[PDB]
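Below you'll find the structure, written out as structure tokens, and then a few comments.
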Amino acid sequence: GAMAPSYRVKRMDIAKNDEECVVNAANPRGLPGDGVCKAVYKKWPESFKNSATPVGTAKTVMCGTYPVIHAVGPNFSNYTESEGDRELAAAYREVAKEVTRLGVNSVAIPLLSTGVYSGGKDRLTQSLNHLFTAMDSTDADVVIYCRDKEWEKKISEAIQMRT
Ligand SMILES: [Cl-]
Ligand SMILES: [Cl-]
Ligand SMILES: [Cl-]
């Protein structure tokens, strides 16, 4: 584990992370997709062999010795608010299990279901709070990747508030 497990946020491409593994905001079919998923496909295309997995789950595939954890958040266009919230919490609990199993000291993670899968809502707080619920009991350094300067400020404030 990390000597003093921490949360950090960076505003940059998760495909250029400095962590021991990456979480893909995957689709259930293992397709190249859009946004984070397309950047991950360009960087680690070998990780998409048999990566298909249902909503609410995470499946790890190695690119060389570098683990790619394919985590499938719900598309809120399709799910009810209630069912979508349950599957979003579940996807992050499966990420915590995979990070633990791999024995990594650090992980790069995007906010699941906040892009094309957001159903056109701002889900920063909802997604981040489920990320914390899952990852708080792990001892990996977590580095959250976002693209919007105002999201960076809001995520940074939420981390600092817990101290
Ligand atoms: Cl960048
Ligand atoms: Cl998304
Ligand atoms: Cl963002």
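As a convention, Cβ positions derive from the backbone with ideal geometry for all residues, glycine included, and neighbour counts pool all protein chains shown. Laboratory data are not the source of any read-out in this text; all were calculated from the coordinates shown.
Starting with the highest mean, order 46-54, 123-131 by the number of other Cβ atoms within 10 Å, averaged over the residues of each peptide.
123-131, 46-54
Only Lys, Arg, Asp and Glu count, each charged at its Cβ (+1, +1, -1, -1), so figure out the dipole size of the chain about its Cα centre, rounded to 20 debye.
On the way: 21 positive and 20 negative charges, 64 e Å.
Using Cβ point charges on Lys, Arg, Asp and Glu, the chain gives about 300 debye.
At a Förster radius of 45 Å, what calculated FRET efficiency corresponds to the Cβ-Cβ distance of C63 and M161, to the nearest 0.05?
On the way: r = 35 Å, r/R0 = 0.78.
The computed FRET efficiency comes out at 0.80.
Express in nm, to one decimal, how much length is gained between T100 and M3 on full extension, taking 0.36 nm for each residue of separation and deducting their alpha carbon distance.
Numbers: separation 97, 0.36 × 97 = 34.92 nm, distance 1.53 nm.
The span from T100 to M3 would gain 33.4 nm if fully extended.
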